[PDB]
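Numbering (the deposited numbering), first residue to last: 5 to 193. Below is one structure; the comments refer to it alone.
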Amino acid sequence: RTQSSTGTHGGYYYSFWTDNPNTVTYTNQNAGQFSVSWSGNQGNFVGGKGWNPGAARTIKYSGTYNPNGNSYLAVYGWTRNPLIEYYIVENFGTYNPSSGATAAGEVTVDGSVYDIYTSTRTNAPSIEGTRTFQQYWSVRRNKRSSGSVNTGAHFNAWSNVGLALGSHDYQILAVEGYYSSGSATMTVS
Numbered sequence: 005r006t007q008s009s010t011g012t013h014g015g016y017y018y019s020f021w022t023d024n025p026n027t028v029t030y031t032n033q034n035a036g037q038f039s040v041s042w043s044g045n046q047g048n049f050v051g052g053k054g055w056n057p058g059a060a061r062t063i064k065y066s067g068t069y070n071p072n073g074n075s076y077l078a079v080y081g082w083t084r085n086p087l088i089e090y091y092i093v094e095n096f097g098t099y100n101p102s103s104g105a106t107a108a109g110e111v112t113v114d115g116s117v118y119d120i121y122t123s124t125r126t127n128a129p130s131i132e133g134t135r136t137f138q139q140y141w142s143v144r145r146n147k148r149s150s151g152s153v154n155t156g157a158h159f160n161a162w163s164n165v166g167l168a169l170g171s172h173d174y175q176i177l178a179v180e181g182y183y184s185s186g187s188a189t190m191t192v193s
């Protein structure tokens, strides 16, 4: 049982995916606002609002993020040619989602040091099908649940480590959960 929902709502691109629709409720609200509640420590999901295509933009977000277990709050997106999947992790629960990636330095932006990581996913699901693509991570040390993200500063930092970003695909402020519980209401602009 899977469910994937995308489109434009309140003037913003939205995306929601889960492999357990019965334990996760995603709600589109006005403008760049969305809410997500998940319970029962069952299922995997990723959802949020943003843009398609993305860009080197300043992403402002605010709201409430109340995970209970494995979960993260991140700017998340893709580029094409080359195919790249990227995470700017602003907050997370009991697991660092960067786990297993290779350390690749630091960048200081938006009031905190971010630890950079790179990783390769081999024959894994992607926006273009099963592919081998590169991953970039920036993980904020000073966890937060509201503020501004200078995506271009991360894009520049990543380009000094490995291949530069390609043509932007979608770009969202994502809430994620993996067999856990929580609630969140966020607003992007």
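From the three backbone atoms N, C-alpha and C, an ideal C-beta is built for every residue, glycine too.
Might you give, ordered along the chain, the residues of its own chain that have their beta carbon closer than 7 Å to the beta carbon of residue i, omitting 5 neighbours on each side?
{"i": "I131", "result": "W82, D173"}
{"i": "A60", "result": "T155, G156, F159"}
{"i": "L177", "result": "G52, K53, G54, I63, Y65, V79, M190, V192"}
{"i": "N85", "result": "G170, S171"}
{"i": "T27", "result": "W42, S43, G44, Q46, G47"}
{"i": "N127", "result": "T134, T136"}
{"i": "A108", "result": "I120, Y121, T122, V165"}
{"i": "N72", "result": "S184, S185, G186"}
Determine the DSSP secondary structure at residue i, reduced to helix, strand or coil.
{"i": "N45", "result": "coil"}
{"i": "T6", "result": "coil"}
{"i": "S123", "result": "strand"}
{"i": "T62", "result": "strand"}
{"i": "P86", "result": "coil"}
{"i": "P71", "result": "strand"}
{"i": "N146", "result": "coil"}
{"i": "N26", "result": "helix"}
{"i": "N34", "result": "coil"}
{"i": "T98", "result": "coil"}
{"i": "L177", "result": "strand"}
{"i": "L167", "result": "coil"}
{"i": "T134", "result": "coil"}
{"i": "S152", "result": "strand"}
{"i": "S103", "result": "coil"}
Between which two residues does the alpha helix (DSSP H) harbouring residue i extend?
{"i": "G156", "result": "155–163"}
So, for residue i: in the same chain, excluding its five sequence neighbours on each side, which residues have a beta-carbon less than 6 Å away from its beta-carbon?
{"i": "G58", "result": "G81, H172, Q175"}
{"i": "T29", "result": "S41"}
Hey, residue i and residue j: beta-carbon distance below 8 Å or not?
{"i": "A105", "j": "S116", "result": "no"}
{"i": "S184", "j": "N74", "result": "yes"}
{"i": "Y17", "j": "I88", "result": "no"}
{"i": "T68", "j": "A168", "result": "no"}
{"i": "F96", "j": "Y76", "result": "yes"}
{"i": "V111", "j": "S102", "result": "no"}
Which residue marks the beginning of the beta strand (DSSP E) containing residue i, and which one marks its end?
{"i": "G109", "result": "106–113"}
{"i": "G15", "result": "Element bounds for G15: n/a, residue is neither H nor E."}
{"i": "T191", "result": "185–192"}
Which residues in the same chain have their Cβ closer than 8 Å to the Cβ of residue i, if we skip the five residues on either side of it in sequence?
{"i": "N70", "result": "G186, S187, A188"}
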